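Q: let's see this in three dimensions:
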Amino acid sequence: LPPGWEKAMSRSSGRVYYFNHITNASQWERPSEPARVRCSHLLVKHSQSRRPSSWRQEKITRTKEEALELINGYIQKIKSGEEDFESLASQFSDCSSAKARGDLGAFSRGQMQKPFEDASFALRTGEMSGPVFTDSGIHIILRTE
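A: Numbers count the residues shown, from 1 in each chain. Please find the structure below.
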């Protein structure tokens, strides 16, 4: 398995799955270093974010637990096809300075907070993280290049 990936069996259903302890991704499907990667993200802030305000909400009051529930719900909608990542980033990301559909551009190691950096470089192109936690809030990361 690629870096960070492990195999597991669901206790509740008996189905095998795969999870990545660097990106926090988990999937039923079987999975398959550059100086820079390019990623988009969707950020959900919470009351303990370093800056609990955004272009879409003047005063962010939700708890970290509530932010995590929103993030997991957005992941579910992306995987089911109910919504695409770019629409949810445009509609709901609390990050004002990324492009609306999520693009952060390219970056190197040493520039972003370690959990976000490690997740970004452990994704292959086209792969999406699970919930990734930083001082800014909780992130869904989509590697594009």
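Q: where's residue 46 relative to residue 69, distance?
A: 11 Å (Cβ to Cβ, to the nearest Å). Every residue, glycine included, has its C-beta placed from N, CA and C.
Q: what's next to the helix ranked longest in the chain, contact-wise?
A: Identified as the longest helix of the chain according to DSSP state H is helix 64-80. Helix 64-80 has contacts (Cβ atoms under 8 Å, 6 or more residues apart in numbering) with 42, 44-48, 62, 82-85, 88, 92, 128, 130-131, 137-140.
Q: one more: stretch 11-24?
A: 1, 3-10, 25-31, 118-119, 122-123, 127, 129-132, 141.
Q: in this structure, which spans are strands?
A: All strands of the chain, identified by DSSP state E, fall at 5-9, 16-20, 26-27, 36-44, 103-108, 132-134, 137-143.
Q: rebuild those strands as CSV, extending it with distance to residue 73 and mean neighbour count.
A: Listed next are these as CSV, based on distance: least, Cβ to Cβ, whole Å; neighbours: other Cβ atoms under 10 Å:
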stretch, distance to residue 73, mean neighbour count
strand 5-9, 22, 12
strand 16-20, 19, 16
strand 26-27, 15, 14
strand 36-44, 10, 22
strand 103-108, 22, 15
strand 132-134, 16, 19
strand 137-143, 11, 25
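Q: quick one: closest of these to residue 96.
A: Across the strands of the chain, residue 96 has its closest neighbour in strand 36-44 (9.3 Å, Cβ to Cβ).
Q: the closest one versus helix 64-80: what angle between them?
A: Angle, strand 36-44 to helix 64-80, by axes from the mean of the first three to the mean of the last three Cα atoms, to 10 degrees: 120 degrees.
Q: buried residues in stretch 124-133, which are they?
A: 127-133 (16 or more other Cβ atoms under 10 Å).
Q: keep only those of these that are in helices.
A: Counting by DSSP H, the buried residues of stretch 124-133 contribute nothing to helices.
Q: is it possible to export those to TSV including distance to residue 111?
A: TSV is the format used below for these (distance: Cβ to Cβ, whole Å):
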residue	distance to residue 111
127	20
128	21
129	17
130	22
131	21
132	15
133	18
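Q: can you give me the domain assignment for the chain?
A: Here the domain parsing of the chain from CATH domains of a matching chain is 1-31, 36-145.
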